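K.L.:
Here's a structure for you.
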Amino acid sequence: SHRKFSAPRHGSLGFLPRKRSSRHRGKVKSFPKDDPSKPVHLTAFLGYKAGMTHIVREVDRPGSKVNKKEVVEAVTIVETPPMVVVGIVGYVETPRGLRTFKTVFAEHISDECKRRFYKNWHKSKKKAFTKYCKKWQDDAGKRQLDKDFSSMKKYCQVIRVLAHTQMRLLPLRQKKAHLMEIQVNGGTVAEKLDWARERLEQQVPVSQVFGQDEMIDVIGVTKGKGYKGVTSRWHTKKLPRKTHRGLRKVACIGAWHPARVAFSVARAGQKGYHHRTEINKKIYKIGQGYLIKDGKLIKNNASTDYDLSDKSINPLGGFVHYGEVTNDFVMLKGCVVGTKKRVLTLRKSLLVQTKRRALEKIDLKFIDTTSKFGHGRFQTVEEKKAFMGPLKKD
Amino acid sequence: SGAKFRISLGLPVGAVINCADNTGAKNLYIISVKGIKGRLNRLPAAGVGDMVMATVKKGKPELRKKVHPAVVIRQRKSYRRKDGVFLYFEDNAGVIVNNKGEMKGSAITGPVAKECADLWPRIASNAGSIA
Amino acid sequence: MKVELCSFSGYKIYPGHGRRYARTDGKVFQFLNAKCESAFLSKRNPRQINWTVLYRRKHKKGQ
RNA sequence: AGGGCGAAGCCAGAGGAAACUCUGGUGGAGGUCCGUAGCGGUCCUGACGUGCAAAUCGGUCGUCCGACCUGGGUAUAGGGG
RNA sequence: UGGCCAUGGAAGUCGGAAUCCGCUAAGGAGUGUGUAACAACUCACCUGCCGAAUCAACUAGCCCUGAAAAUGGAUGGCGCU
RNA sequence: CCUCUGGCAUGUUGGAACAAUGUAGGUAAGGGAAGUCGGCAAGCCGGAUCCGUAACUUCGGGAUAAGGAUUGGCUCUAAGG
RNA sequence: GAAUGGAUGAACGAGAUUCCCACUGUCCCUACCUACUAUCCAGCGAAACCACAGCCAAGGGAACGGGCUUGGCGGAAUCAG
RNA sequence: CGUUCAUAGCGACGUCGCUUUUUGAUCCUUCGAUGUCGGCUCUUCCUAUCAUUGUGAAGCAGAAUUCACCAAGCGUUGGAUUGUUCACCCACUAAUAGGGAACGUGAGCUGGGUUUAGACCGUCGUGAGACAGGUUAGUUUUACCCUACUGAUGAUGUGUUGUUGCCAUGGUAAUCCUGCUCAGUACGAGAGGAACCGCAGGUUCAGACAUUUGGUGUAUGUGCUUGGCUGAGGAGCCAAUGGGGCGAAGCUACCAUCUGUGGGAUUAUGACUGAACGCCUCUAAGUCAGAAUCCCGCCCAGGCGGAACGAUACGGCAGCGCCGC
RNA sequence: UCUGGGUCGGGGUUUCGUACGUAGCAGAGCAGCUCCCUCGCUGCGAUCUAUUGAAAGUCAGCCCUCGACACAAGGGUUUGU
Ligand SMILES: [Mg+2]
Ligand SMILES: [Mg+2]
Ligand SMILES: [Mg+2]
Ligand SMILES: [Mg+2]
Ligand SMILES: [Mg+2]
Ligand SMILES: [Mg+2]
Ligand SMILES: [Mg+2]
Ligand SMILES: [Mg+2]
Ligand SMILES: [Mg+2]
Ligand SMILES: [Mg+2]
Ligand SMILES: [Mg+2]
Ligand SMILES: [Mg+2]
Ligand SMILES: [Mg+2]
Ligand SMILES: [Mg+2]
Ligand SMILES: [Mg+2]
Ligand SMILES: [Mg+2]
Ligand SMILES: [Mg+2]
Ligand SMILES: [Mg+2]
Ligand SMILES: [Mg+2]
Ligand SMILES: [Mg+2]
Ligand SMILES: [Mg+2]
Ligand SMILES: [Mg+2]
Ligand SMILES: [Mg+2]
Ligand SMILES: [Mg+2]
Ligand SMILES: [Mg+2]
Ligand SMILES: [Mg+2]
Ligand SMILES: [Mg+2]
Ligand SMILES: [Mg+2]
Ligand SMILES: [Mg+2]
Ligand SMILES: [Mg+2]
Ligand SMILES: [Mg+2]
Ligand SMILES: [Mg+2]
Ligand SMILES: [Mg+2]
Ligand SMILES: [Mg+2]
Ligand SMILES: [Mg+2]
């Protein structure tokens, strides 16, 4: 018989094999369509989820009840120290797909990057790209290099730069810097390639990719939760108290007579550590890192035009389970995928953004900087020292 | 013009919020919440500012033994305002009302939540304190 | 962003944090955290409780 | 075990013209109540269900001075007890 | 020619018995529209133009409509004009 | 419930982890039986002292009816041989 | 329907119902924690069951096939569920 | 019948069908047993479409509407009584459409009901006993095998190894509503009373997350407190987590917060040019618009499928890469 | 050898709510002795004040140290165009 009282089914099939993702670094499954017209640029970046916090802002959507009313708002800090371009890699269209065609690597490559290429660095002699870099200083090699670049000019269509992180500049344990292919979207391929050939071995900061009040897509791996039962992993009803063989289950897997259990039926398995591409996360603040002209410039982070203090986005006692954000960072609206410390791919949108909400200009009023390691009540240490007065530790 | 925003709604069907207008009713047995499509097994729930059908369980015998519309005015379940302040109220409370939003009483004992005030003007007019 | 003061302890309450209570008498209290609010609801006279501002004013601490 | 209720009888005081009646005690009745050991075995339709167990376990329960519980001895044997 | 029956109004026109003559080139005592009822409109006979076939009613062949079921599916399959 | 006398080595094993399902315990915002055949299960209540105690009644009961208040520590007082 | 007993009825009931107050994760709606498991390891080590075996759709067929026909298809050895 | 008018909507007397969500026939299968109702829970299909998209119809002025077409994408709820299926009532709603899957689903539960044994009542029986007549009490076993599904190591290949990648094939997702505006406007004698574009939000669903609010809390963190025990103080411990305040981190909740997208082919339909048929016709050759559909996109997984690039065993015995013969 | 990661220490953060000791003319009262002084002195005495936002914990999965201490090319199995 039919099921009596209808109800929409639990969980989406558009997300499954609900298995542990192969990758850790979230792949960009599609870069935006390079119109050939606008100038060249990078489409993606690779940051790190340092931590959350508040903002306060005046909102300007006329019509709303909240028009010209200061709301608060959660935000993620994605610490994003500049990447280093160490390669380009040409692709060519085929009817089979999109074959990689030619990879030209830079001359010098950091041990940050070289780390990646060995499973055990302690034990290696660190001999990678050793016979490669010989090419970059002779007649023969330099000529072959030029012919490779020329061939890419003749044949290739898509060009991706290879860059990698500056694992050096982070509070993370790891030294093995994440590489990633990032796509150069812009003018003609010959122009496109000579841009990336100029950028080779060079820094690239965040502000060169992204701008403020820009919708971007966060790509990463979800905070993993191990083996989980069907009630956790699918949010199935619990069965009642009296159930004899347990109650965090599904009762009827399936009907008798497709005499197999279907792929659509809810089973217990891996919950979390899935790959996920959340879209439309507006950049409220691209924040300038600590720098030196005479003394430190720690202010330039979490100070606003209306606050004017001497904060950084770092709260008291740091971001928890992370560190100090001593580098440039972006500040997205809302939560994003994954854990603290997780490497996170940003990506420019796939989508022509023209909604009132997606063109809204964000002027921040106040960044909360109170500790997250307990219930914080002081924004800065100087404020605390004022409020408390002197302590026995003096 | 400007619409409501959702708020943590802690009056499922089965609550007896106290009538906070001068009718003569004391309680308001919420038998249903107006404008709820709802899902299997799920109780219809009315926060503050929500319309509601309401039997009176104790009070005058004019009102007893029939259904009236009503509005929830305070509620003990702490909702979050858009300015990031949570707010709760010490008591759940409402007012007997007609279809078109007018009170059938005349004066509201206690404060009304401004989520209810902005959305219900005739309630707001008879409300002494707001928020 | 009008920073308010905790009706128990005395500390300031920055926009994000804490909770707002609206008693039926028709007066409101702000609580920094639950710790304050619990002492308030259990009727603890904050001048008796050391860590509050009201106590330390009463006992002339600092200065 | 330990508690509760407090029946007859008894004392004093007060009233009553008498009949006798009230008030305060004392007294300690009962297949009386709570409740241990004991005896039992309600519900969880709990645990267990190739068990610890060919009927057990846990909590929860009924009863707990009486048609009470219980050892040993002794009587009744198969269309019979 | 408000023809007759029918008045509730049918002078062609809810219905029904009738149902012919004149002028005629020719128009039914009327196919309908519509009217309380008319009116007004609409539906032969003949021309003017154009330039050889035209049109009706049956009938039977293929094809199509008629033709709605639950795991995904079976001219055996692939396919086939 | 904790202790001495006396007695044991955790009831036929150890180690490392701390997933899902369980078995046995707990806690939960707002609502309060909307759950379910059914308040099943758990929760409320609980001791004592002081008040206060209904209908009904076989006048014995009902009755711990219900419903209330108090309770610690410390320093004293008075009363009982 | 009147000792095949009728009508009653205080007290009593692990007896059968219904409502109210209280109380609660029964539920809205699920969540977190603890212990013993389950898990991995050393040692030890059973049983039921067993024609052969073990991916499907449809067909026909003793009228619901793992095996047959026609199609889809098929990749060692395993772990927790 | 529908004032008039067979056919907007209907439809007698007759007639032709489909359907197996009714009940009968029947007895082919199973009696060395295929667990016998309902509810819960979960998935999937069908359409005979209640709503939602796109449209033709009216006895469609508007509003409300019934009739029909494409169409099953997405929905179709909360309760009172009843073991119920069914039924009815209240309430909300956009709508509270209908079914199938061994009348889906008991090694998934439950066991209220049927349907053993204990008992009561009525009627029947001389009686033992009977009763699709009522009542109450009554044991719901096993998975460690194979498959299927879920996740988890691996597998053959590529000389070995690592890299960054492509993408065959699978899956797939968004939903509907309110308010404001249009506007008391069109339309209508009035009564009443729309719509497109905007704007603001919300339902249900999905995917995350913990800044904040809440929950948990054996950090056994820090107080407080009962009974006991170290002669006491101090410091502690025991009472299967002694109890209780508050509680970091961490999990976690529409109980907190964030995000949810674009094309193509066309269907129904309405059209163009235009014969057939000197006219006329959406059609016959030819052309246009066209959708909750379908296919892709995004999104998830990634093939006994490929890719470019790196490094390729100094040695103490080594072993190999090219080249030519 | 971007000299490193680790243990201990130190900051920061944070949880709780002000440790022990000592002092006090604080302290309801009581006592002993006397100078029977009742602010006599000395003792008992919950609690109170001060020292003291004190004490204590704070990665084990919080943040910074570059202070102290050691320890850091080591082992085993592999694989060939
Ligand atoms: Mg259905
Ligand atoms: Mg059971
Ligand atoms: Mg925190
Ligand atoms: Mg339900
Ligand atoms: Mg049992
Ligand atoms: Mg078992
Ligand atoms: Mg044993
Ligand atoms: Mg033990
Ligand atoms: Mg042992
Ligand atoms: Mg033993
Ligand atoms: Mg609760
Ligand atoms: Mg129900
Ligand atoms: Mg119910
Ligand atoms: Mg019970
Ligand atoms: Mg009683
Ligand atoms: Mg009789
Ligand atoms: Mg007689
Ligand atoms: Mg009889
Ligand atoms: Mg078989
Ligand atoms: Mg007629
Ligand atoms: Mg049959
Ligand atoms: Mg079977
Ligand atoms: Mg159809
Ligand atoms: Mg069945
Ligand atoms: Mg089954
Ligand atoms: Mg069973
Ligand atoms: Mg039964
Ligand atoms: Mg029986
Ligand atoms: Mg096992
Ligand atoms: Mg002590
Ligand atoms: Mg014990
Ligand atoms: Mg057409
Ligand atoms: Mg077209
Ligand atoms: Mg189109
Ligand atoms: Mg695809």
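If you go along the chain as it appears here, the first residue is 1 and each next one adds 1.
Recorded method for this deposit: electron microscopy, 4.7 Å.
Positions of Cβ are set from backbone N, Cα and C atoms, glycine also.
Annotations per Swiss-Prot:
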{"type": "MOD_RES", "residues": "A:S12", "note": "phosphoserine"}
{"type": "COMPBIAS", "residues": "A:17-30", "note": "compositional bias 'Basic residues'"}
{"type": "CROSSLNK", "residues": "A:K38", "note": "SUMO2 cross-link"}
{"type": "MOD_RES", "residues": "A:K135", "note": "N6-acetyllysine"}
{"type": "CROSSLNK", "residues": "A:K223", "note": "SUMO2 cross-link"}
{"type": "CROSSLNK", "residues": "A:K225", "note": "SUMO2 cross-link"}
{"type": "MOD_RES", "residues": "A:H244", "note": "tele-methylhistidine"}
{"type": "MOD_RES", "residues": "A:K285", "note": "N6-acetyllysine"}
{"type": "CROSSLNK", "residues": "A:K285", "note": "SUMO2 cross-link"}
{"type": "MOD_RES", "residues": "A:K293", "note": "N6-acetyllysine"}
{"type": "CROSSLNK", "residues": "A:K293", "note": "SUMO1 cross-link"}
{"type": "MOD_RES", "residues": "A:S303", "note": "phosphoserine"}
{"type": "MOD_RES", "residues": "A:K365", "note": "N6-acetyllysine"}
{"type": "CROSSLNK", "residues": "A:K365", "note": "SUMO2 cross-link"}
{"type": "MOD_RES", "residues": "A:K372", "note": "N6-acetyllysine"}
{"type": "CROSSLNK", "residues": "A:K385", "note": "SUMO2 cross-link"}
{"type": "CROSSLNK", "residues": "A:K392", "note": "SUMO2 cross-link"}
K.L.:
Within 10 Å of the Cβ of A:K293 (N6-acetyllysine), how many other Cβ atoms are there?
P.N.:
6
K.L.:
Of the recorded positions A:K135, A:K223, A:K293, A:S303, A:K392, which one sits closest to A:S12 (phosphoserine) when you measure Cα to Cα?
P.N.:
A:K223
K.L.:
With DSSP, how much of the compositional bias 'Basic residues' (A:17-30) is helix, how much strand and how much coil, in residues?
P.N.:
0 helix, 0 strand, 14 coil
K.L.:
Relative to the Cα of A:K365 (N6-acetyllysine), which of the recorded positions A:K223, A:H244, A:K285, A:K293, A:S303 has the closest Cα?
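P.N.:
Nearest listed residue in space: A:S303.
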K.L.:
Roughly how many angstrom lie between the C-alpha atoms of A:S303 (phosphoserine) and A:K285 (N6-acetyllysine)?
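P.N.:
Distance (Cα to Cα, whole Å): 11 Å.
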K.L.:
Spatially, and counting Cα to Cα, which of the recorded positions is closest to A:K223 (SUMO2 cross-link)? Options: A:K38, A:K285, A:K372, A:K385, A:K392.
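P.N.:
For A:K223 (SUMO2 cross-link), the spatially nearest of the recorded positions is A:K372.
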K.L.:
Here's one to test understanding: among the modified residues A:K135, A:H244, A:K285, A:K293, A:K372, whose C-alpha is closest in space to the C-alpha of A:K385 (SUMO2 cross-link)?
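P.N.:
Among A:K135, A:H244, A:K285, A:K293, A:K372, A:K372.
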K.L.:
When DSSP states are folded down to helix, strand and coil, where does A:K285 (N6-acetyllysine) land?
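P.N.:
Once the DSSP labels are grouped into three classes, A:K285 (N6-acetyllysine) ends up as strand.
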K.L.:
Write down the Cα-Cα distance for A:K285 (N6-acetyllysine) and A:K372 (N6-acetyllysine), rounded and given in Å.
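P.N.:
Pair distance, Cα basis, whole Å: 20 Å.
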K.L.:
Taking the Cβ of A:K385 (SUMO2 cross-link) as the centre, how many other Cβ atoms fall within a 10 Å radius?
P.N.:
12
